[PDB]
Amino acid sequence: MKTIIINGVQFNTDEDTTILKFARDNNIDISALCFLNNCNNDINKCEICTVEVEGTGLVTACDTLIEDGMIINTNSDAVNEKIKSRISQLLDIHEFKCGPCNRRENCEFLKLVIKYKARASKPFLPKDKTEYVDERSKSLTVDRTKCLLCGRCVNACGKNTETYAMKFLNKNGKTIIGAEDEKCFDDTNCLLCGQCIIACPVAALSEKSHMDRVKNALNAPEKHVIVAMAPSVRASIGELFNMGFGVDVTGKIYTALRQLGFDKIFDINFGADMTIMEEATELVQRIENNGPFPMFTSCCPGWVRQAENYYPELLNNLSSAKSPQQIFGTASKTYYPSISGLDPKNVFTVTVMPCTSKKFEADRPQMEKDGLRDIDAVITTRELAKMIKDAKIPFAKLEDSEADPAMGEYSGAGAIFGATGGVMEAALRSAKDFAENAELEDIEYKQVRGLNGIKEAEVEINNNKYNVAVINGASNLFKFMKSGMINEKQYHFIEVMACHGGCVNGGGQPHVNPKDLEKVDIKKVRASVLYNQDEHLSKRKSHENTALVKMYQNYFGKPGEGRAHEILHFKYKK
């Protein structure tokens, strides 16, 4: 047993771990900043975690392992001086702009300003922010005035995607972060997933705003503005209203959206039942001899870009069905003008996503028909959260309401989409039903569920064995392919998500604060909201959705054929 005494207080312990980790578990207050995702900034560390080890001196706690017979000083004198020295070097390449900063209510640096009574030697006040600002991307923006180059985005991009698209760059003898050759992220191998935003402690990395598009549509007299939220939104935005974690707020969001002035309150889970409608039929048609195989999902835009950039040979194997966002959006300007005698031209479609990559997808040139965009705007979870807050609508005290039915109803299959293995379980519910022409009772595919990186399963369809895999996160796609696991058998259907945990851990999601990030399993608790909705739902198959069935009978006519084949699909060729 190792005996350590941190600040006159004794602890006996056997675990070999760092001083920050042990002082995190036993509620002691060592402050950290560049440490995240099991790694600090290896090249020029921040030292906000400096402690004193007797005889040795001031060391960085985030990577100094505990030894038997230590005496450690954290709230010390010499230690607190070295940390404020570091804080008044970073708060010197930053501006006190907390209102109107998008990060003031949950910053991390602002917390450590008032904690240490951190003062700037000279206030950093650039006359022109243009050199620091990058708004060229459809998904990501950078404001280097706020960057305290901790390296967390570079590390998170390396651990989560292994693309290393977020790099440390040298610009005129100085170090900045950005894409390769300081290009716009969109023009590099970046998947636009937004995990770098999720690891950023400040306002430096942010999503490209689409809420000026939204407010102008709401104020435009002729425009009939439709909104629809992604599966993961109802499972997470309540964190931004101090409601906690794993809180189902579906009904409160529908009310809130009506108080913001939206004309129709629909839901992307209806579009998720549409995507399974097309994709499960295509899978049954591919099983009719070859297809080819494997069929891959095409609903994660982060993954589509990974395929386009690293595996262009797989772009043909990708499912023709549009993503829920895009397929809902195509129906927004065609089926929804049919009922409600409106001109397609005057309908404006807004989606609320846990994703930054969705903004690139919606803005793709060919995601339109006859000049009308499938989706006109995509605000993230965080952006809808600010809309609600600016309007002072009291989210947590709100009464529940339902969505307008025609394009707002959803089944349990569409509900679990926001979690990893969600699209796989939903597709297999309709694919085994279609191929066997039966209403099967056994619908749970628990073996493709969960937080494992690579999950496989053998499903039986028409007394024949098929192999399916679920790739949880873009780094694991690289592992899948490069290791040759892809060749250990003939795979028939493969789900790929770019974010680990699925869309519930997407790039446009609420930031967590590392104290709560150590105690809460975010991916598990956000996803449990979705699965619990599936369990209590009476319809748990996409083709059983009553509103979906009559769109297809009165307007598209049969999945994967004629009208449904011509406008509800998209194939990538580069």
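We call the rigid core whatever largest set of C-alpha positions still superposes within 1.5 Å between the two forms. We number the residues from 1 along the sequence you see.
Choosing between 283-291 and 457-465, the greater Cα displacement from the shown form in 7 other deposited structures of this protein, fitted by the core, goes with 283-291. Displacement analysis by core superposition in 7 other deposited structures of this protein ranks 92-100 above the other of 92-100 and 193-201 in root-mean-square C-alpha distance from the shown form. The question of which stretch, 95-103 or 134-142, has the higher mean Cα B factor is settled in favour of 95-103.
Relative to its counterpart among 242-250 and 437-445, 437-445 has the higher mean temperature factor, C-alpha atoms as listed in the PDB entry.
Highest CA B-factor among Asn38, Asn545, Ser528, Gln509, as stated in the entry: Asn38.
Out of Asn155, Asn75, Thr351, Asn472, it is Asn75 whose C-alpha atom has the highest B-factor in the PDB entry. For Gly261, the recorded CA temperature factor ranks within the middle third of the chain's modelled residues. For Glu81, the recorded CA B-factor ranks within the highest third of the chain. Only modelled residues enter the ranking. Remark: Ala120 belongs to the highest third of its chain, ranked by C-alpha B-factor as recorded. Per the deposited record, the Cα B-factor of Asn172 falls in the highest third when ranked against the other modelled residues of its chain. When the modelled residues of the chain are ordered by C-alpha B-factor, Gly502 sits in the middle third.
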